[PDB]
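**Q** Experimental structure and sequence below.
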Amino acid sequence: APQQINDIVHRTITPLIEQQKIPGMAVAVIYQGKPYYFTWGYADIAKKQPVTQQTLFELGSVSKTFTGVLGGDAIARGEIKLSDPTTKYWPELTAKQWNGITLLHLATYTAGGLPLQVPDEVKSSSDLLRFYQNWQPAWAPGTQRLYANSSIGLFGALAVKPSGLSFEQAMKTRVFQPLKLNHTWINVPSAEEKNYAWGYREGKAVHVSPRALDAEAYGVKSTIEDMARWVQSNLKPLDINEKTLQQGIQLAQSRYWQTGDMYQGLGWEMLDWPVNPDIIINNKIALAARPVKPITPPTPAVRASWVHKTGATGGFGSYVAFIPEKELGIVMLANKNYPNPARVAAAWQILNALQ
Ligand code: NA
């Protein structure tokens, strides 16, 4: 790879792997819009199967960026509007407490304290309905941000209703296929399983467990190559020829809410660049209930931004960040869930060196 990339990746990631005992890792650096790939370690420890450019990793919450873009594409298609009440798409939620909860609120975790997880016992649509009906809001809609799978998971499920497609089928047809993500899956086909890394959690070989709204919240598995393509697509939305998808990507990177120095997009989270790295390395906002300021109209994607998302499942840790104005980005995929500050510090060190 270009030597500037060689040196910073080597000096940054090699220590990280050793420090965190990561079994296998893949990194892509997008530099002047072009991808460069790096791989370390093992997709299967026992069988000493190396991580490759074809290795599939669980993206965890980075999947929410796909959900946000799919939602954006639906808005651009005129199928849904973010101001639409939830009850338009699920009339059975009609109640005073669901008054004024809109798709926007679901997409951006501002519905008023929807739970962090959908309960393990929820398996049927009837179970799901009871869960959302019985929920007791902590706050008025559009006042507090509380990051939650039950919020964006519902958004994803409702956003696709007017399409007449399942969530998986919509994602495939409207996002994966046009962007040429041919090794990105919600459900890994049996013949592709050969590429699926084991995750490792405290020594156990594990894969993500099925759960309600999993596809919408943390469902995606992908390769380092496809993730690089995802970053390229998000860096340069104008390059995408399918108009609604182009528009959808731009809508997902718009700033709908602000808290402290941080902004909420659809799936994507953002800050103005340059950032103070302490506040994203030691992020005190992301996982806390924080008051938010609405931005109306939402600020179109700002080019001088740090746009990012972190993800984890039981056995995997992922991170994506990019800076549109610099044509620069990074994807880090690992088959161990390791702490967020170490991921973010590594990504910032690399991008800061290349900017
Ligand atoms: Na209730």
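**A** Received it, and whenever you're ready, just let me know what you need. Numbers count the residues shown, from 1 in each chain.
**Q** Could you pull out the strands in the stretch 201-350 of the chain for me?
**A** With DSSP state E, counting those that start in this stretch as the criterion, the stretch 201-350 of the chain has strands at 204-206, 221-222, 255-259, 262-264, 269-272, 290-291, 293-299, 305-312, 317-323, 328-334.
**Q** most packed of the ones you listed?
**A** Greatest average neighbour count among those goes to strand 328-334 (a mean of 27), per mean count of other Cβ atoms under 10 Å. C-beta here means a position set from N, CA and C on the backbone, and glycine is covered the same way.
**Q** now for that strand, which elements pack on it?
**A** Applying 3 or more Cβ pairs under 8 Å, 6 or more residues apart in numbering; DSSP states H and E, one finds that strand 328-334 contacts strand 24-31, helix 224-235, strand 317-323, helix 340-354.
**Q** Tell me which of the ones you listed approaches residue 120 most closely.
**A** Set against residue 120 and scored by Cβ to Cβ, these come closest in strand 317-323, at 22.3 Å.
**Q** Please save the CA atoms from that closest one in CSV.
**A** Taking C-alpha atoms only, strand 317-323 is exported to CSV below (Å, rounded to 0.1, in the frame of the first residue of the first chain):
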residue,chain,number,x,y,z
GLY,A,317,-16.1,-5.6,17.5
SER,A,318,-16.4,-3.2,14.6
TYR,A,319,-15.8,0.5,13.8
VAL,A,320,-16.3,2.7,10.8
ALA,A,321,-15.3,6.4,10.5
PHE,A,322,-14.9,8.7,7.6
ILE,A,323,-14.3,12.4,6.7
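**Q** related to what we said a few turns ago, of the strands of the stretch 201-350 of the chain, give the one that comes closest to residue 213.
**A** strand 305-312 (15.4 Å).
**Q** In JSON lines, list the helices and strands packed on strand 328-334 along with distance to residue 65.
**A** As requested, the helices and strands packed on strand 328-334 are arranged in JSON lines below (distance: least, Cβ to Cβ, whole Å):
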{"stretch": "strand 24-31", "distance to residue 65": "15"}
{"stretch": "helix 224-235", "distance to residue 65": "8"}
{"stretch": "strand 317-323", "distance to residue 65": "7"}
{"stretch": "helix 340-354", "distance to residue 65": "15"}
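**Q** Quick one: closest of those to residue 69.
**A** Judged by Cβ to Cβ, the one of these that comes nearest to residue 69 is helix 224-235, at 8.1 Å.
**Q** Contact partners for residue 308?
**A** For residue 308, the residues meeting the contact criterion (Cβ atoms under 8 Å, 6 or more residues apart in numbering) are 268, 269, 270, 280, 319, 320, 321, 322, 344, 347.
**Q** So what sits opposite it in the bridge?
**A** Beta-bridge partners of residue 308, counted by DSSP bridges, are residue 269, residue 321.
**Q** farthest residue from the center of the protein?
**A** Distance from the C-alpha centroid of the chain peaks at residue 96, with 31.5 Å (Cα atoms, centre = their mean).
**Q** Next, give phi and psi for it.
**A** phi -60, psi -40 (degrees, to the nearest 10).
**Q** quick one: it and residue 134, what's the gap?
**A** Counting by Cβ to Cβ, to the nearest Å, the separation of residue 96 from residue 134 is 14 Å.
**Q** Kindly report the same for residue 248.
**A** Between residue 248 and residue 134 the distance is 33 Å, computed by Cβ to Cβ.
**Q** Neighbour count for those two, which is higher?
**A** Taking neighbours as other Cβ atoms under 10 Å, residue 248 and residue 134 compare with residue 248 leading, 26 against 7.
**Q** Quick one: residues contacting residue 263.
**A** Contacts of residue 263 (Cβ under 8 Å, 6+ apart): 255, 256, 257, 269, 270, 271, 295, 299.
**Q** hmm, try it at 10 Å
**A** 253-257, 269-272, 292-293, 295, 298-299, 302, 305, 307 (Cβ atoms under 10 Å, 6 or more residues apart in numbering).
**Q** Which helix or strand contains residue 73?
**A** helix 63-76 (DSSP states H and E).
**Q** close enough to count as contact, residue 149 and residue 212?
**A** Yes. If you go by Cβ atoms under 10 Å, residue 149 and residue 212 touch, sitting 9.3 Å apart.
**Q** what is in contact with the two at once?
**A** Common contact partners of residue 149 and residue 212 (Cβ under 10 Å, 6+ apart): 117, 118.
**Q** So what's the residue count around residue 109?
**A** 25.
**Q** what separates it from residue 190, distance-wise?
**A** According to Cβ to Cβ, residue 109 and residue 190 sit 35 Å apart.
**Q** Same check on residue 155?
**A** Using Cβ to Cβ, residue 155 is found at 30 Å from residue 190.
**Q** of these two, who's got more company?
**A** Legend: neighbour count by other Cβ under 10 Å for residue 155 and residue 190, higher for residue 155 (32 against 7).
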